[PDB]
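In: test case, fold it:
(4 chains)
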Amino acid sequence: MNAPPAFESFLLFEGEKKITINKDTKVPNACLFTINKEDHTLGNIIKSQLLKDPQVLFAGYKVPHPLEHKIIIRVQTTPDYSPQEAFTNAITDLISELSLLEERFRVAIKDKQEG
Amino acid sequence: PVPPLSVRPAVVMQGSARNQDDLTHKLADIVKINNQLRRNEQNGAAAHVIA
Amino acid sequence: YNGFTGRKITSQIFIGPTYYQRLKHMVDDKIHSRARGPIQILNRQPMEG
RNA sequence: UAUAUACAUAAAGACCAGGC
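Out: Residues are numbered from 1 along each chain as shown, chains lettered A, B, ... in the order given. Below is the structure:
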């Protein structure tokens, strides 16, 4: 009777922003992103792309609680590199990876069939 | 003393009429016999039946 | 392998098919909440059950 | 046009079974 709807995990209702950016006062150049209606699929890709960036000192995510679906990503970069720039370059670098993987998987298919 | 209706509520049965608490029966058995004891002493004053 | 992060789990885990029973006891029938409801006749206190 | 349909009733007790 209290079971939440199945669709409630990936669907946003009125008023919920997808992303919420809040600066972090503990630290200089630290920012904390809040992603609604996402899980470890999306959060883990980005964290692991941020740690390749040598100008990123810290990156990590957590699901605060499993029953509510949101991600919280802290990022701390070096001075004169903004933590919002770090998080955008991460997303464009995956897109430039996954667009290279979808093209290389199509070539191996045609090679595989009758070849 | 006869405690009030609150202390011995009736039972309202939607099927048939009402039922009465234990006290209301236990108090009925006293008023019956107390009254039989009213008449004997007042009328015949029969000594051995009163006992 | 870990399900969330993909990495192996250091210690090896013991898996096998095992036979479980579901019990007459479910949470939907044990749940209860009370705010200013029915009240007993004699005591004017909340009902039982 | 105005005004109205406002809540109460399913008793109690007994034994039996189970839960922690």
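
In: for stretch B:4-23, how far is the first residue from the last?
Out: 10 Å (C-alpha to C-alpha, to the nearest Å).

In: which other residues reach it?
Out: With contact meaning C-beta atoms under 8 Å, 6 or more residues apart in numbering or on different chains, stretch B:4-23 is reached by B:3, B:24, C:41-42. The C-beta positions use only the backbone N, C-alpha and C, and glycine is treated the same way.

In: could you rerun that using 10 Å?
Out: Residues outside stretch B:4-23 that contact it (C-beta atoms under 10 Å, 6 or more residues apart in numbering or on different chains): B:2-3, B:24-28, C:41-42, C:44.

In: same thing with stretch C:9-22?
Out: Contacts to stretch C:9-22, defined as C-beta under 10 Å, 6+ apart, come from residues C:1-3.

In: out of these, which are close to chain A?
Out: Of the residues in the contacts of stretch C:9-22, proximity to chain A by C-beta under 10 Å from any C-beta of the partner chain holds for C:2-3.

In: most neighbours among the contacts of stretch C:9-22, which one is it?
Out: Counting neighbours by other C-beta atoms under 10 Å in any protein chain shown, residue C:2 comes out on top of those with 9 neighbours.

In: and the contacts of stretch C:9-22, which is closest to RNA strand D?
Out: residue C:3 (30.2 Å; C-beta to the nearest atom of the strand).

In: quick one: residues contacting that closest one.
Out: A:40, C:9 are the contacts of residue C:3 under C-beta under 10 Å, 6+ apart.

In: hmm, back to that, for the contacts of stretch B:4-23, work out which two are farthest apart.
Out: B:28 and C:44 (25.9 Å; C-beta to C-beta).
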